[PDB]
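**Q** First, the structure itself, so that you have it in front of you.
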Amino acid sequence: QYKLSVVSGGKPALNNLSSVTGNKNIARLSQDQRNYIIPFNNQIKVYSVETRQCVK
Amino acid sequence: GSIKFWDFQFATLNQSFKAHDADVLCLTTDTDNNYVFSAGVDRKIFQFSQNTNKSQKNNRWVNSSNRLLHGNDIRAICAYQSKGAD
Amino acid sequence: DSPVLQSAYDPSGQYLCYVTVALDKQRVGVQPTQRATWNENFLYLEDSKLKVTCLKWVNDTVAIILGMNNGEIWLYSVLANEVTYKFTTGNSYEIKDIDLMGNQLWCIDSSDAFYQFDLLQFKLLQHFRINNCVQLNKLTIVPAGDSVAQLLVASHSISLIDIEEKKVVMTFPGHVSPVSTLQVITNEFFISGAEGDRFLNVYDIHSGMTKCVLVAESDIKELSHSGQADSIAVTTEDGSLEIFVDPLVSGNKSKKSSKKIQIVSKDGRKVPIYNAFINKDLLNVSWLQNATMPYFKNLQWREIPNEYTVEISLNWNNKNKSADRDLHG
Amino acid sequence: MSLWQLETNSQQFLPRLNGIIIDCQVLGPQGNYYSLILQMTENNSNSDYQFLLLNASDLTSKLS
Amino acid sequence: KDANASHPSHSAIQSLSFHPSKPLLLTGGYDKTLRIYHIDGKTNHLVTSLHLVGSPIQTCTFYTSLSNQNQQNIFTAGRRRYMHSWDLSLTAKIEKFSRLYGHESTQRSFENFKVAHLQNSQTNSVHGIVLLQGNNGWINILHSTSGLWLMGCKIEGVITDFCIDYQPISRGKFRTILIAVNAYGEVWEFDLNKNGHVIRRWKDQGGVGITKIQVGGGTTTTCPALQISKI
Amino acid sequence: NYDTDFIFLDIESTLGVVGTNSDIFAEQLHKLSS
Amino acid sequence: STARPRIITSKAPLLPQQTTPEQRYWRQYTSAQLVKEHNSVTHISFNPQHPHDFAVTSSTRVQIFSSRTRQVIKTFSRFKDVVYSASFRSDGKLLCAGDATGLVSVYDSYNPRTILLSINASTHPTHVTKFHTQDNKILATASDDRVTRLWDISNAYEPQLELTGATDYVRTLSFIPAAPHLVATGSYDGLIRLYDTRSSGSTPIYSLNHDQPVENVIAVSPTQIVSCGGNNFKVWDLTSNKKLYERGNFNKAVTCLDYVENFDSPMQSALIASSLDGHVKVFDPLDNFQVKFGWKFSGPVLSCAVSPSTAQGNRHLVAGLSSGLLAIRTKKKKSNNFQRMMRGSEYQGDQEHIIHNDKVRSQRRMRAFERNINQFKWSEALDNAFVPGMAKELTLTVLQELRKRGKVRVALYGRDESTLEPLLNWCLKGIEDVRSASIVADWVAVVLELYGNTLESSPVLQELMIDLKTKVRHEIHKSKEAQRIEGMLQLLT
Amino acid sequence: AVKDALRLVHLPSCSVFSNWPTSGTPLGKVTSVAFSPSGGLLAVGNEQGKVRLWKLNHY
RNA sequence: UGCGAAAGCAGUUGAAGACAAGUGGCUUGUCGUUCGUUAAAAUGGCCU
């Protein structure tokens with residue numbers, strides 16, 4: 001009756017390349033810059049910069 | 001320690017740099033005024049440059065460089081610049 | 001006193017149109033009464049002394065007719081933001097009331113004249129005036145389908161008017177002050193209420209006899225009736241709401257209010273209700289949260305107690321808790 | 001995180017940022033946010049990055 | 001009707017500004033609160049009211065940007081080394097400007113500020129500047145969103161007041177001029193859409209103790225333009 | 001965890017668990033006022 | 001970004017006999033006054049109501065002292081023989097004094113010239129006189145007649161009740177603090193009798209056998225009373241007639257007791273006890289009457305008191321000695337135009353909707369070593385350590401912060417003879433203590449590692465190294481002999 | 001500095017309006033002033049804590 | 001580096017190629033080069 005799942009997130013996982021200095025931050029702001037779209041190694045998190053919560 | 005550049009007509013400041021840590025006893029320039037060198041009791045010689053075409057068309061000195069060569073002070077500084085001597 | 005100069009619901013109570021002053025010029029805005037289905041753009045009256053004297057929702061491009069004080073009925077669509085058409089009489093007299101039945105707009109003038117316009121043709125059909133009715137400030141079309149016979153006009157004293165003969169066929173004892181609400185309840189009754197008194201009276205439009213008197217406990221500002229005569233909710237001068245439940249039954253000649261609703265904040269500050277709307281089992285009350293911005297509330301009015309005190313959350317001394325900082329700063 | 005005023009060569013600092021700055025950039029149209037990646041290298045057994053933008057006005061960590 | 005008659009003030013009303021578009025009046029004084037009133041003829045009511053503790057205010061201004069005209073900031077400041085900026089959202093998100101980016105010695109109090117518009121002049125991108133009147137002759141101009149020190153303009157004497165003039169150039173380009181007066185009466189005009197460099201220096205005929213300069217007849221900081229072509 | 005589940009930590013830190021008219025007016029107004 | 005963490009002062013493991021909160025509070029009773037009386041101070045009472053004056057009964061006079069100047073405000077000298085007891089009424093309005101001729105005389109307080117009434121009690125000396133603590137118009141006087149009397153001060157001719165029954169020398173009364181019908185009296189045969197006054201009164205309802213002759217009986221709760229006499233004091237539950245604590249922490253006989261409640265103190269209640277050998281001690285009734293603080297005086301202490309529960313000012317502990325002197329230890333406690341211009345600065349946001357608060361709190365001032373460690377001036381931080389006016393834990397914590405934080409060697413690089421002598425001259429003193437000596441060890445080791453040539457050149461730190469050598473020789477003899485004591489009691493397990 | 005010290009000077013003519021403010025205008029000790037951008041409307045704040053409000057009927 | 005206990009106990013430190021300097025070679029030293037082995041320094045320091 002036991003089942004395995006992965007339920008909680010992981011590391012943010014930026015560009016793990018050499019030979020790229022500066023822009024290794026792949027997270028984006030919106031154009032109506034109210035929510036901040038960051039990838040993770042398990043998902044895309046979309047936080048909201050007004051309330052600091054993850055909204056999607 | 002501050003070094004200021006003043007427009008002569010209108011008799012007024014263009015830009016101030018907070019360069020040295022104590023007094024600036026002596027400062028000098030080259031022929032075409034692309035550089036201003038300056039020194040004092042904190043024993044560093046600062047160089048303020050305006051050599052870029054944008055610097056010359058905008059009248060904007062930058063605090064380019066800074067050297068520590070003297071042991072105690074610098075009370076006198078001067079510059080010579082010719083065809084085989086600068 | 002209230003900043004909202006004029007205000008009215010659409011039928012079904014889904015939007016509220018309201019005229020308020022904005023730094024010496026009138027502005028007309030429309031708000032949805034429930035967001036779960038801001039609206040930051042207004043119609044601006046461009047003159048400092050032109051102002052709206054009455055307003056009526058038409059029923060289907062949705063629009064408002066705004067009766068102005070220069071002999072004009074502006075017709076203003078709300079999805080767009082322009083007056084689509086400007087009805088005008090031949091005069092400069094302010095117009096005291098308008099109404100419409102279908103496509104047939106009727107209006108009264110400060111020179112006690114009756115004008116008829118056609119919303120389908122954009123034309124002044126009729127202009128007349130009748131004797132011994134000389135201080136008119138309300139009209140109401142008595143509905144008989146597409147026939148728009150029998151206006152019902154008030155001057156402190158309601159008079160029933162046949163428009164084919166342009167004459168008065170009944171005369172009702174009105175009030176001692178100018179009538180401020182004059183509304184048809186059923187096909188045989190109409191309610192009326194005057195300026196600065198707390199007494200409505202329902203008259204029988206076929207005999208002239210007063211059926212009943214309804215007694216608010218403060219001076220009545222607006223009224224709404226549910227569409228089947230079963231409930232009448234009036235809103236008063238002290239910002240309260242009073243619901244007369246089933247007023248047209250056998251508290252025999254004069255009936256008090258059955259329910260009374262007022263709104264207080266969490267503090268103890270009593271905000272005033274202006275201009276509510278009632279329907280079957282549903283009651284939508286309006287107030288102003290900040291200085292001029294209307295907030296609404298839906299209520300199942302049949303299952304609340306009699307003396308109901310709505311509580312709203314309103315900023316009174318709350319520490320500005322910023323979301324990017326814990327409580328210790 | 002230092003920011004050099006390139007006119008007068010004048011630093012403004014932000015000193016205790018719980019990780020070394022391995023990437024920093026201005027972000028807004030007017031440049032009202034700084035986004036930073038902080039590598040947090042007290043543990044040598046994992047590369048654990050903190051993503052921290054912050055509004056440029058009062059330099060407070062909006063959305064770490 | 002007296003505008004603050006609805007909600008009384010607990011101090012002398014030190015500054016006062018209307019909104020550029022909305023029917024709002026912002027009052028503020030030494031009782032470290034600032035109040036917004038929806039004004040009309042009859043019933044000037046109070047929209048909202050924010051009490052900044054420990055920060056008496058001396059100048060308070062509605063700023064509204066030229067790009068989208070949708071920000072609606074309130075910048076307020078008194079005899080403090082900081083200046084608050086409330087972002088109007090109808091809780092309240094305010095930020096605090098407290099960093100002169102290397103220039104704290106020449107700016108010991110944020111009392112006399114003015115807010116103005118500035119154009120990048122290589123893009124057609126405008127942004128608001130706040131302008132702080134400092135000790136020696138200094139005006140410290142800094143960004144109204146990021147707070148970065150942009151430039152500084154020093155006049156020779158005791159700086160007493162200043163004002164902002166704008167002049168159009170072409171379609172969609174204008175130029176900002178800072179007009180700053182000595183106590184003695186001599187006036188500097190700085191072009192500051194480029195680097196903050198003097199373009200004109202003149203002298204007031206008569207006048208020995210000079211307290212206040214103002215411009216008018218076009219867009220001042222108190223009659224602000226909502227759209228860049230209306231400058 | 002103390003309610004009959006077992007949490008585990010992956011080496012790339014994913015925590016896992018082993019357990020047991022008016023309508024169009026409304027739409028166009030929410031469009032045109034946003 | 002955060003704020004900078006403060007430099008944490010190095011605290012070691014705590015040593016035995018730390019300063020308890022009770023003994024910190026009772027140790028700030030200082031600035032002792034010694035007033036030489038004509039004879040032994042036998043009794044001392046306090047004014048209850050404005051609890052700010054106290055009456056001291058010496059021989060043949062009673063002096064009321066003030067609790068703000070500690071001088072005699074008023075004095076009562078018209079007694080014929082030795083006055084024995086002097087207490088204030090519960091309203092603090094009048095003062096009763098029992099005298100060696102058995103003449104209770106009650107004056108009003110703060111007026112020594114109006115003797116209000118002179119009860120002529122027994123022909124024997126009257127040794128204790130106190131009013132009721134609940135009732136106002138009854139006064140209980142016990143005498144050397146082995147019978148106490150309750151007198152109504154209206155009818156001062158015959159005693160309204162005559163509590164007999166004790167076999168020898170009744171020296172103390174007490175009243176029970178909730179039941180006003182209940183008088184506990186104590187005599188030199190032991191045997192605290194106690195009487196219900198609605199009954200006959202010639203028989204106690206029960207008797208508590210303190211074995212020694214009692215000197216005082218006070219009432220702590222409405223239930224429990226404490227009797228002192230002999231070398232101990234005992235406490236007695238009164239609803240169950242039964243002893244429940246006894247403390248015998250003295251050498252000679254406990255002469256007096258009194259009790260405090262609810263006053264501003266870590267101790268919620270306090271019983272202090274005075275005991276003919278010099279000592280007055282304070283016992284805490286909430287943890288089993290354990291002793292918390294004490295004073296030693298210059299002779300046998302005959303009576304003691306403290307300021308009452310509601311003192312609201314300068315608070316006093318007074319002890320009168322049998323030597324004939326009195327010891328007091330106290331603990332103490334622009335234009336209208338301009339204001340109209342600067343009116344609003346005291347408003348603090350009452351009627352205002354939103355109230356913003358981001359004024360940061362002003363923290364404690366940084367010391368020079370802490371700001372130099374902050375500014376990364378590590379040699380200047382060492383210099384700021386070795387100033388003379390520095391605390392020993394502060395020198396230790398800046399040494400430990402430079403040790404953990406960066407480099408001892410960085411802090412010691414540019415030194416020579418004249419700038420190392422502060423460090424080594426402190427290391428002489430720090431090598432003695434246990435808490436410093438590890439840090440002193442590695443700092444001395446590093447400085448002799450990197451200044452071994454200055455050792456050769458300068459002779460005036462050679463002698464400092466030699467003195468340090470003899471210091472470590474003494475300390476290593478101590479650290480060896482401590483291990484020997486450790487073994488020699490490891491043998492005794 | 002003194003009470004009721006406010007003048008509205010018309011310009012280009014550079015001539016002070018002589019009918020307002022009168023001796024009975026409750027201006028107070030005028031410590032701030034503001035003009036409306038659209039309504040033609042003065043707000044005048046004095047040291048007592050009162051913004052008084054006037055409308056210029058030319059606008 | 002491995003086993004360990006926080007003590008300690010066993011193991012070390014090759015090769016190729018390229019480049020730089022010095023005097024095509026020779027010497028020395030490097031490597032954002034590879035294979036194998038379990039294997040100190042540019043006056044340059046922390047916000048309001």
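Convention: chains lettered A, B, ... in structure tokens order; per-chain residue numbering from 1; ligands numbered from 1 as shown.
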Quick one: which residues from chain G are at most 9 Å off chain D, using only C-alpha atoms, as a VMD selection string?
**A** chain G and resid 1 to 4
**Q** Within 7 Å of chain B, which residues belong to chain D? Use only C-alpha atoms and report them as an MDAnalysis selection string.
**A** chainID D and resid 7:9
**Q** Hey, can you spit out that residue selection with N, CA and C atoms as a short mmCIF file (atom, residue, chain, number, x, y, z; two decimals), in the first residue's frame?
**A**
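Output file out.cif follows:
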```cif
data_model
loop_
_atom_site.label_atom_id
_atom_site.label_comp_id
_atom_site.auth_asym_id
_atom_site.auth_seq_id
_atom_site.Cartn_x
_atom_site.Cartn_y
_atom_site.Cartn_z
N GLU D 7 32.07 58.00 -12.93
CA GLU D 7 32.48 59.38 -13.10
C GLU D 7 33.58 59.73 -12.11
N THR D 8 33.30 59.59 -10.82
CA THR D 8 34.24 59.96 -9.78
C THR D 8 34.99 58.77 -9.20
N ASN D 9 34.77 57.57 -9.73
CA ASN D 9 35.29 56.30 -9.20
C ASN D 9 34.95 56.15 -7.72
#
```
**Q** Any chance you could tabulate, as CSV, the residues of chain E at most 10 Å from chain D with each one's nearest atom pair and distance in Å to one decimal, using only C-alpha atoms, in chain and rising number order?
**A**
```
residue,atom,partner,partner_atom,distance
E:85,CA,D:57,CA,9.5
E:95,CA,D:58,CA,6.5
E:96,CA,D:58,CA,5.8
E:97,CA,D:58,CA,5.9
E:98,CA,D:58,CA,7.2
E:99,CA,D:58,CA,8.0
E:100,CA,D:12,CA,8.8
E:101,CA,D:12,CA,5.8
E:102,CA,D:10,CA,5.7
E:103,CA,D:10,CA,9.0
E:125,CA,D:30,CA,9.0
E:126,CA,D:30,CA,9.3
E:127,CA,D:30,CA,7.6
E:143,CA,D:57,CA,9.1
E:144,CA,D:57,CA,8.5
E:145,CA,D:32,CA,6.2
E:146,CA,D:57,CA,4.4
E:147,CA,D:57,CA,5.3
E:148,CA,D:57,CA,7.9
E:149,CA,D:5,CA,8.4
E:150,CA,D:5,CA,9.1
E:151,CA,D:7,CA,9.0
```
**Q** Residues within 10 Å of residue B:77, please, as a PDB file with C-alpha atoms, in the first residue's frame. Count only C-alpha atoms (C1' of nucleotides); anything in the same chain fewer than 5 positions from it doesn't count.
**A**
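Final output, result35.pdb:
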```pdb
ATOM      1  CA  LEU B  25      50.594  70.037  -2.709  1.00  0.00           C
ATOM      2  CA  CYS B  26      51.429  70.161  -6.392  1.00  0.00           C
ATOM      3  CA  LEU B  27      49.747  69.412  -9.679  1.00  0.00           C
ATOM      4  CA  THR B  28      50.711  69.856 -13.302  1.00  0.00           C
ATOM      5  CA  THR B  29      49.602  69.053 -16.825  1.00  0.00           C
ATOM      6  CA  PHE B  37      49.001  64.768 -12.675  1.00  0.00           C
ATOM      7  CA  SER B  38      48.725  65.576  -9.020  1.00  0.00           C
ATOM      8  CA  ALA B  39      50.479  64.726  -5.795  1.00  0.00           C
ATOM      9  CA  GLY B  40      50.737  65.625  -2.152  1.00  0.00           C
ATOM     10  CA  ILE B  45      50.615  60.534  -7.736  1.00  0.00           C
TER      11      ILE B  45
END
```
**Q** Neighbours of residue H:4 within 8 Å (only C-alpha atoms (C1' of nucleotides); same-chain residues fewer than 2 positions away dropped), as a list in words?
**A** residues 2, 6, 25, 26, 27, 28, 29 and 30 of chain H
**Q** Which chain A residues are at most 12 Å from chain C (counting only C-alpha atoms), as a list in words?
**A**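 Every residue of chain A that passes the 12 Å test is in residues 48, 49, 50, 51, 52 and 53 of chain A.
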